[PDB]
A.B. asks: 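Could you have a look at this structure, given as structure tokens, before my questions?
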Number of protein chains: 4
Amino acid sequence: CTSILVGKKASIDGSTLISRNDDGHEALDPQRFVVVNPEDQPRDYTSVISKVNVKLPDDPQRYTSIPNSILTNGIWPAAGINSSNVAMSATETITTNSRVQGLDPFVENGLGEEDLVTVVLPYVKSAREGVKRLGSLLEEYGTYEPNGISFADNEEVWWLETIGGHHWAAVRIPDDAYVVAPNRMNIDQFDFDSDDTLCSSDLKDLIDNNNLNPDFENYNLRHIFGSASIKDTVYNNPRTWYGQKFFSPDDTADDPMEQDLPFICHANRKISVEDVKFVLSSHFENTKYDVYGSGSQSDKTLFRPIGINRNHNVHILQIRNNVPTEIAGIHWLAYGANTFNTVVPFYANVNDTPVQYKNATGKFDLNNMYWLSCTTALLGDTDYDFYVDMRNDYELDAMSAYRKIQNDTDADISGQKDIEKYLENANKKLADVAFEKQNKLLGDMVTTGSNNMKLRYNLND
Amino acid sequence: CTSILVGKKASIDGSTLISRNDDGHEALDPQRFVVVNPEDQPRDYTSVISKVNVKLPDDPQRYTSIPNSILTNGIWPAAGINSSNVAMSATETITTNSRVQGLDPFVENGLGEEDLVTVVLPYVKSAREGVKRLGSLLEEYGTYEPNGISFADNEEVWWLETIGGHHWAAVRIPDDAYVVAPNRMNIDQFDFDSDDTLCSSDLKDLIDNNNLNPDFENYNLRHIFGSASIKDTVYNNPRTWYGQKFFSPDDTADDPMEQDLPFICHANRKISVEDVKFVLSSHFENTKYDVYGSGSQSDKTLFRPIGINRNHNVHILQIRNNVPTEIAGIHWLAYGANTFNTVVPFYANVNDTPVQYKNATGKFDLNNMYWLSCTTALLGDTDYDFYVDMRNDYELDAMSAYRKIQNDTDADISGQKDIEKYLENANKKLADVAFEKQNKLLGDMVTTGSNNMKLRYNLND
Amino acid sequence: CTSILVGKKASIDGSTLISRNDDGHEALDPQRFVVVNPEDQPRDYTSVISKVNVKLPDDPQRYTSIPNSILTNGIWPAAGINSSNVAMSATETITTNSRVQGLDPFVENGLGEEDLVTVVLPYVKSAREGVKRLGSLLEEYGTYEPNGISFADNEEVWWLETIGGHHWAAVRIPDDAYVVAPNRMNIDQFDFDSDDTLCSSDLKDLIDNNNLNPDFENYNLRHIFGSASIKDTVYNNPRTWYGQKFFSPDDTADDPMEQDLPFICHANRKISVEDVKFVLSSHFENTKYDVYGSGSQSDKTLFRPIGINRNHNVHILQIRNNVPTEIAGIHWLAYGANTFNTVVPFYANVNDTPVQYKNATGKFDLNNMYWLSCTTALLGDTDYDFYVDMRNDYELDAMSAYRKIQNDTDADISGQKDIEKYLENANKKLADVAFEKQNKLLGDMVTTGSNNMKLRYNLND
Amino acid sequence: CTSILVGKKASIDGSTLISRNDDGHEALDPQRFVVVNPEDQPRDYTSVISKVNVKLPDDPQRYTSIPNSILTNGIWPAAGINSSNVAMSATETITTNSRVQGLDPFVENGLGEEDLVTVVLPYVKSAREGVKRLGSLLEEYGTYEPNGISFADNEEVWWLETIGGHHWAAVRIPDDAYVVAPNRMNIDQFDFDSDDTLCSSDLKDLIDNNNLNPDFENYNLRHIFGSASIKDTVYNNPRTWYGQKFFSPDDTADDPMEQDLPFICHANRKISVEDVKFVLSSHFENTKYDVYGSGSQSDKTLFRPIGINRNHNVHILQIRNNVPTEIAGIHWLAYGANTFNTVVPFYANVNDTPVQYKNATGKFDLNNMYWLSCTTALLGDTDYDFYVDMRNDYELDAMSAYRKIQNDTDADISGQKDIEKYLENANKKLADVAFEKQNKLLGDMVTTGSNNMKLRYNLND
């Protein structure tokens with residue numbers, strides 16, 4: 001996974017943004033877009049992977065989610081927005097080290113990414129409450145994974161990282177800041193006296209009493225609890241670097257392998273949803289590390305890209321401030337490798353979701369946006385430079401259409417007697433056009449690509 | 001397309017210059033040089049592509065133009081000078097973004113490049129009037145394209161960019177400045193209250209009220225309304241860079257991909273017509289990005305060149321100040337890929353145009369300068385280093401001959417009873433010499449090239 | 001061609017030097033060394049190429065010259081020294097531009113390089129007079145070429161450049177300066193009011209009244225009247241650069257393509273005849289642009305070298321100051337590609353020339369120094385690194401022998417009753433030694449080279 | 001040849017050192033180590049090459065020498081130490097130029113390297129006397145070669161360079177300085193009136209009166225009398241550079257081709273015999289110019305190395321100051337390419353020399369150190385990286401053994417009644433162990449090398 005967080009003064013429109021590429025082990029694994037209404041939310045939750053049992057409150061809020069179609073390994077809801085307009089994305093797998101694992105080992109029957117959104121998001125009314133509830137659950141039940149989790153509301157953005165079996169720490173992203181986070185523990189300098197941080201009450205004592213701190217002064221959590229490995233230099237750091245080079249070019253050097261890139265950053269401009277999707281779809285464009293570029297075979301394959309074949313979904317959760325609360329929550333969503341898709345700005349304030357995004361199964365179905373988007377990206381991958389101009393045209397055309405629908409829908413919100421049905425209609429329009437444009441793109445690729453097949457022989461007359 | 005604009009204090013002779021390569025999608029599409037006399041100008045205009053219907057004033061001025069020979073997609077007049085010595089070239093296709101398109105979408109039955117010179121140029125008596133008339137027409141009829149348009153008279157040079165379906169902005173190029181503009185929105189820092197700017201009356205409100213401004217301070221129009229994409233770094237920015245490196249070498253860095261190259265520039269010397277044609281014919285000479293050069297296959301093909309196979313016409317519209325107004329307007333013109341042609345200084349103050357430039361059809365005819373020039377450049381392309389010395393000789397020889405004719409014609413203008421007849425004779429001499437020299441060049445290329453054919457076997461004795 | 005000029009305080013011996021490689025279009029064209037006595041000089045001169053007819057004074061001075069053996073295209077005397085010890089070399093083909101050619105076109109029945117030494121040198125008694133006479137002749141008869149011409153006497157060195165059909169400018173080279181000049185207009189910053197300059201009486205008015213000056217301040221003649229083309233960057237500028245790097249290493253940058261290298265330079269040491277011949281024989285040694293070096297095929301062939309297959313003759317005209325006037329004038333001379341020859345210091349104060357240097361015809365004859373020198377350089381070209389050590393040995397040995405003869409001849413000049421016969425005998429000794437050493441070199445090359453033929457098979461025992 | 005000189009305050013042990021690689025034209029030419037006792041020194045000397053006849057004093061001193069085994073071209077004694085503990089090495093072939101050769105040509109029946117040690121060394125009692133005697137002989141007999149000669153005693157080190165047929169100059173190396181000298185004239189800035197210089201009484205007048213000085217200020221002898229050729233940049237300067245980079249790394253730039261490297265240098269540490277042998281055995285290790293290294297074929301063969309196949313002998317003549325005069329003179333000696341040999345510290349105060357170093361003939365004999373050393377170096381050359389570890393082990397082991405014998409012999413010197421017999425015994429021990437270790441090295445190379453022959457096929461079991 002790759003995550004990007006944006007505070008409310010750092011965005012172009014004064015919204016908060018939290019985002020993540022939900023990457024899996026296998027390239028394809030069908031995803032669904034689903035609203036969990038309170039009556040369908042469990043009160044007695046048991047996980048599939050760890051068999052952890054968690055009793056949940058009897059007053060869950062409605063929330064959007066992105067569950068797996070195939071439930072063999074559990075729900076894997078990934079991310080969503082609840083009816084209090086709180087957003088959560090879980091998780092970004094991060095790193096750990098043997099010194100802390102020796103003190104607080106993973107808990108085999110603890111919580112995992114399979115579970116976190118389901119057991120936290122419906123029960124909180126702010127990003128800070130989300131942080132605190134997750135922290136409480138880690139302390140009580142433990143975890144078997146090293147994870148990073150984002151929370152947001154219309155005011156604040158938070159990042160929580162889990163530490164060993166039971167510990168955790170969290171930082172409030174400054175209003176004017178952004179973060180790019182790869183699969184590596186991210187939190188750096190950490191002030192135990194700040195109102196903008198939260199952590200296990202015993203975290204400082206854990207560090208101080210067990211010789212965990214490698215630094216001569218102060219506390220840097222990823223120095224203490226995380227990694228700075230050779231694998232980090234190719235799997236993780238270059239993704240952080242590319243994102244920071246894009247947003248903060250004058251503050252970022254030219255070494256993608258750098259182990260001490262800042263966590264919290266300040267961009268040279270305000271950030272759009274389009275900007276976030278670009279970075280989340282990137283593959284080191286205009287460097288020798290671009291697998292689609294001009295570099296040597298070894299340079300082209302040295303770094304893990306951000307856009308990747310195993311992007312299962314990408315979500316950008318936006319809590320807006322320039323609108324009434326009933327339309328503040330936007331669950332931007334796309335499926336498959338991010339090179340040939342577009343995120344669609346779904347209104348979260350709905351009781352159901354559009355069929356092309358809801359109904360993927362394990363059966364290949366090109367009427368569904370998961371399978372259609374994956375198919376498009378695979379074809380594109382076979383000759384990127386050949387298809388990229390159609391891709392670029394489609395991105396502009398599709399995003400323009402989505403924003404027109406959003407702007408029209410926003411403009412007529414006042415006086416609507418049935419808000420959820422009004423917004424379900426808008427989401428249906430968005431999904432309909434998203435499918436039409438995705439399908440037209442693939443059609444154009446197939447038509448032009450067929451002209452350039454190896455299996456050809458034309459008379460040039 | 002690529003456009004170059006030069007203010008009256010920036011030129012070597014105190015003229016204003018506006019220029020453009022009129023590039024198409026297909027490599028070849030025959031062009032004509034045509035004077036539209038008032039009786040030939042429509043009053044009830046309907047476009048072919050969009051079916052926009054525009055009622056026009058009953059007092060059109062005579063103007064030069066470069067219409068397509070084949071009218072399947074409409075007239076496509078490209079550029080010309082009217083009898084008030086106002087010059088106009090439309091268009092440079094530029095860029096846009098999804099945020100502004102979502103607010104002011106393209107108008108499918110609006111105006112386009114097919115139409116603009118025809119509906120603007122005959123009805124204005126200054127460059128500034130051209131800007132205001134085009135702005136008004138965009139508001140009334142809308143547009144379905146993102147375009148840049150140049151205007152000039154003997155005093156001022158203006159650049160207008162269209163924004164969404166109805167909006168626009170324009171900048172007066174300072175007298176001592178030049179601009180190089182590729183297929184990307186160009187206007188940068190923009191002062192709404194400046195004497196040097198014009199725009200939609202609601203443009204500032206559009207920006208402020210809809211969170212369009214990505215910058216913490218001030219207004220940069222292409223930041224707001226344009227693009228800074230990966231495709232821009234290879235398709236657009238290097239053309240700007242190469243031109244600026246030529247004119248302002250000490251003010252320009254060494255990164256062709258730079259997204260924030262200045263719009264308005266100041267050269268280290270005064271600019272000649274020869275200079276403008278050089279840049280408009282260029283292909284990154286003396287860099288690794290020259291397709292005819294020594295670079296790797298990938299470097300040689302990375303950037304879109306300025307001179308290119310699909311140059312249909314190139315025009316440099318010059319309004320001179322060192323002469324009587326009856327000879328001030330010069331419509332410099334050439335056809336086909338700019339590597340093997342020369343611009344000819346046709347006097348615009350005429351009622352008809354020379355046969356070798358006027359009469360191209362869809363039938364291949366090497367007595368016509370469109371077909372002859374294209375044929376020459378295609379042959380030249382097959383072995384550029386072999387043919388370039390003949391090319392260079394021809395350029396000097398031809399331009400010298402044109403300037404001798406211009407100088408002689410200018411010198412004898414006083415007392416001429418029929419100016420249009422006098423200048424038509426001068427244009428006939430110009431076209432006759434242009435054809436003879438183009439033909440001699442192709443002949444020399446064929447003669448020398450035939451000696452170097454693959455299909456040869458010589459006894460070396 | 002390439003020319004090198006050296007003022008009297010810039011040379012190692014206090015002489016003035018003007019020099020040129022007389023390069024042709026064809027690789028080989030036999031040259032002769034000939035003294036034109038007054039009785040053999042035409043009074044009614046008609047050229048072959050242009051059919052210009054020039055009545056000449058009835059009191060011509062004796063002069064040395066280097067006429068073509070084959071007179072199909074006229075005499076082409078190239079360079080010489082007259083009996084007033086005035087030296088002249090004509091010409092260095094330079095460049096022009098279409099703006100000045102449009103105002104003052106070439107004159108087809110004018111003077112050319114075929115003619116200039118013949119019609120100027122016999123009639124002047126100083127370098128300054130030479131400049132003024134040529135200037136006058138250009139005004140009277142015009143010219144059909146863009147040319148640079150050098151003049152010298154024992155005090156001054158001048159460089160004249162022709163501009164259009166009739167105009168010209170000339171600069172006196174400072175005593176302590178040198179110039180390296182390729183096939184490009186050279187004169188830069190120009191002070192009309194200086195005693196060190198001469199020009200067309202109307203030159204400033206021509207510039208001022210016709211908008212010819214591209215610069216904001218001052219007058220740079222090659223900016224105004226010359227070229228700064230892409231072809232200049234590979235054909236011309238690197239030759240200037242290499243020469244300046246050799247003489248002025250600390251004042252010269254590392255860009256051979258530089259368009260604004262200075263005209264007038266100051267070396268870090270005094271300049272020898274050996275130095276001048278080295279530069280005139282050079283091929284970018286110790287750079288990637290050396291065709292005999294280690295660079296890529298494209299780099300090795302990118303630049304026109306100074307030593308080249310079509311060096312027909314090389315002459316270094318020296319007017320000495322450390323001796324009586326009767327031995328002051330030295331016409332240093334060699335033939336063929338400069339890589340495998342040596343310049344021989346012929347006394348100019350003679351009535352006839354040595355047979356091995358005088359008698360070339362169109363019939364191949366290896367007893368003649370033109371054909372012998374060409375043959376040597378061609379063989380050397382086939383494996384330069386294999387033959388270069390013998391070449392280097394030969395250069396030192398031959399130049400040492402020439403200087404011994406010169407030193408001996410100079411030392412015994414006092415009391416010689418018949419100076420011309422004394423010096424003709426010295427020249428015969430020089431030419432005889434030159435032939436013997438050239439022949440021994442070729443013999444050594446043939447003997448060693450034959451051992452390394454491809455057509456070989458040796459038993460290694 | 002390559003020569004290294006070290007003043008008495010620059011050495012690690014307070015000795016003076018003069019050294020040279022005696023390189024020939026053919027790779028192999030057998031050398032002998034011979035003491036010439038006074039009874040066998042000619043009084044009526046005639047050379048073989050030039051047939052010069054020199055009457056010599058009747059009181060020659062005993063001296064060591066390194067004559068050729070094959071006397072076809074004369075004795076070629078190379079270098080030695082006489083019984084006054086004066087050292088001399090002759091010669092380093094240097095360069096000249098045509099301007100000085102034109103004034104003072106080579107003398108065909110003069111003295112040469114064949115002769116110099118023989119006619120100078122036996123008759124002088126200080127280095128300064130050596131300089132003066134050689135100077136006198138050059139004036140009396142002339143020379144046919146350009147040569148550099150080193151002299152030393154326990155106080156001073158001198159370098160003499162011959163200039164033309166009769167002239168010469170010499171510089172005393174400062175006590176704290178060193179010199180590295182290749183086959184190029186070396187003496188730079190020169191003070192005629194200094195006690196540290198000697199020269200032809202007319203040298204300054206020769207320069208001043210014949211315009212030989214190329215510099216604006218002062219006198220640099222190699223500027224005046226030497227070369228700065230293209231061949232110098234590859235044959236000579238890189239050897240100087242590599243030595244200066246080794247001894248003076250912080251004072252030496254990174255351009256091996258530099259023409260104005262200093263003559264006199266100051267190292268950053270005191271210099272050992274081991275250091276001198278390293279530089280004299282070098283082949284640009286750890287640069288791309290190392291023929292045994294990783295550079296391109298052209299880079300690997302661009303420069304002449306210091307260690308080379310045609311090293312016939314290497315000698316380091318040491319006059320020590322930390323011991324009684326009876327053991328001050330050490331004639332360090334090795335044979336063959338310096339990559340696979342070691343210098344052995346023979347005491348010079350002997351009447352005869354060890355058989356393994358004395359008795360080489362034209363017949364191949366592996367019991368002799370000339371033929372054994374050459375054989376070792378040839379085998380090593382066939383796979384340097386394969387054999388270099390054995391080479392390195394052998395160098396340390398052998399030099400350690402020599403030093404132990406030297407230290408023991410030095411320590412027991414007092415009271416030895418027959419000094420020559422005592423030191424001949426020491427030299428015998430040295431030669432015996434040198435042979436045993438050279439032979440063991442070759443044996444180890446043959447044993448390991450045979451396992452890695454191309455002509456092999458092993459079962460890997």
Side-chain angles (χ1 to χ4, degrees), chain C residues 9-15 176 246-247 249-250 266-275 277-278 281-288 290 292-296 320-323 339 342-343 345 385 388-389 391-411, chain D residues 25 93-106 144 146 164-165 183 185 206-218 220 222-238 255-260 288-289 295-304:
Chain C
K9 289 183 182 182
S11 59
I12 196 169
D13 57 358
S15 66
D176 62 349
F246 179 70
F247 287 123
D250 297 331
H266 299 88
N268 67 2
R269 63 201 187 274
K270 300 175 185 180
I271 298 169
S272 70
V273 169
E274 285 83 1
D275 291 334
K277 178 58 166 57
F278 168 74
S281 309
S282 64
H283 38 97
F284 308 110
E285 292 95 309
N286 286 341
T287 77
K288 63 187 183 183
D290 183 354
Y292 293 141
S294 62
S296 69
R320 304 193 288 171
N321 281 296
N322 60 315
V323 296
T339 42
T342 46
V343 286
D385 287 343
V388 66
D389 298 322
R391 192 283 305 270
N392 292 336
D393 292 343
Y394 151 83
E395 285 182 309
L396 173 60
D397 182 63
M399 294 296 290
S400 294
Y402 307 153
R403 287 201 174 279
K404 174 57 171 169
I405 292 166
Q406 179 178 258
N407 291 335
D408 286 348
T409 301
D410 290 351
Chain D
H25 186 266
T93 299
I94 54 171
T95 55
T96 185
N97 65 59
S98 49
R99 291 169 300 285
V100 62
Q101 290 292 324
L103 291 167
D104 181 15
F106 287 135
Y144 55 93
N183 293 109
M185 184 168 183
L206 180 71
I207 300 167
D208 291 344
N209 295 341
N210 296 283
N211 296 310
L212 295 183
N213 199 338
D215 289 304
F216 303 123
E217 295 184 37
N218 301 314
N220 177 320
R222 75 202 209 189
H223 284 186
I224 297 166
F225 293 124
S227 64
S229 67
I230 295 300
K231 197 71 189 191
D232 285 330
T233 67
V234 293
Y235 197 77
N236 288 316
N237 302 344
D255 182 11
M257 292 191 161
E258 174 62 54
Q259 299 274 25
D260 288 306
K288 64 186 184 183
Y289 307 110
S296 68
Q297 181 62 28
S298 63
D299 281 344
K300 286 193 298 190
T301 56
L302 188 63
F303 295 165
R304 185 221 198 269

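Numbered from 1 within each chain, the chains take letters A, B, ... in sequence-line order. What you see below is based on every heavy atom in this structure, not just the backbone, and it leaves out hydrogens, waters and symmetry mates.
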A.B. asks: At a heavy-atom separation under 4.5 Å, does C:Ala267 approach chain D through its side chain, its backbone, both, or neither?
C.D. replies: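 Just the backbone, heavy atoms under 4.5 Å.
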A.B. asks: Under a 4.5 Å heavy-atom cut-off, does chain C meet the side chain of D:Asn97, its backbone, both or neither?
C.D. replies: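 Backbone of D:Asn97 only, per the 4.5 Å heavy-atom cut-off to chain C.
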A.B. asks: Please flag which part of C:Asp13 lies under 4.5 Å from any non-hydrogen atom of chain D: side chain, backbone, both or neither.
C.D. replies: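 Its backbone and side chain both get close to chain D.
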A.B. asks: Hey, could you give me the CZ/NE2 distance between C:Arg269 and D:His223, rounded to the nearest 0.5 Å?
C.D. replies: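 Nearest 0.5 Å value for the CZ-NE2 distance: 8.5 Å.
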A.B. asks: Could you walk me through whether C:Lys270 and D:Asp215 pass side-chain contact (heavy atoms from CB on, under 4.5 Å), step by step?
C.D. replies: CA-CA 6 Å; C:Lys270 300 175 185 180; D:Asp215 289 304; over 6 Å; no
A.B. asks: Checking heavy atoms, do the side chain of C:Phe278, its backbone, both or neither come under 4.5 Å from chain D?
C.D. replies: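 C:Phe278 touches chain D through side-chain heavy atoms alone.
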A.B. asks: Locate the shortest heavy-atom distance separating C:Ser400 from D:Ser98; write the atom from each residue and the value.
C.D. replies: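 Heavy-atom minimum between the residues: OG-CA, 3.4 Å.
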A.B. asks: In Å and rounded to the nearest 0.5 Å, what is the CG to CD1 distance from C:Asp290 to D:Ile230?
C.D. replies: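 The CD1 atom of D:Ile230 is 9.0 Å from CG of C:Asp290, to the nearest 0.5 Å.
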A.B. asks: So which of C:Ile405, C:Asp389, C:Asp408, C:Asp275 has the biggest tally of heavy-atom pairs under 4.5 Å with chain D?
C.D. replies: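 The candidate making the most pairs under 4.5 Å is C:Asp389.
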A.B. asks: Apply the test side-chain contact (heavy atoms from CB on, under 4.5 Å) to residues D:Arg99 and C:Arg403: give CA-CA distance (whole Å), side-chain angles for both, the deciding distance (0.1 Å), then the verdict.
C.D. replies: CA-CA 7 Å; D:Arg99 291 169 300 285; C:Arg403 287 201 174 279; 3.6 Å; yes
A.B. asks: Given that the side chain runs from C-beta out, which part of C:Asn268 has a heavy atom under 4.5 Å from chain D: side chain, backbone, both or neither?
C.D. replies: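 Just the backbone, heavy atoms under 4.5 Å.
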A.B. asks: At a 4.5 Å cut-off on heavy atoms, which part of D:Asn213 comes close to chain C: side chain, backbone, both, or neither?
C.D. replies: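 Interface part for D:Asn213: backbone (N, CA, C, O).
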A.B. asks: Going from CG on C:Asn322 to CG on D:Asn211, what distance comes out if it is rounded to the nearest 0.5 angstrom?
C.D. replies: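 Atom-to-atom, C:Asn322:CG and D:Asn211:CG are 5.5 Å apart.
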A.B. asks: Between C:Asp397 and chain D, which part of the residue has a heavy atom less than 4.5 Å away: side chain, backbone, both or neither?
C.D. replies: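 Nothing of C:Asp397, per the 4.5 Å heavy-atom cut-off to chain D.
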A.B. asks: What part of D:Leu302 is in contact with chain C, defined as an atom under 4.5 angstrom from a non-hydrogen atom: side chain, backbone, both or neither?
C.D. replies: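 When you check distances to chain C, no heavy atom of D:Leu302 falls under 4.5 Å.
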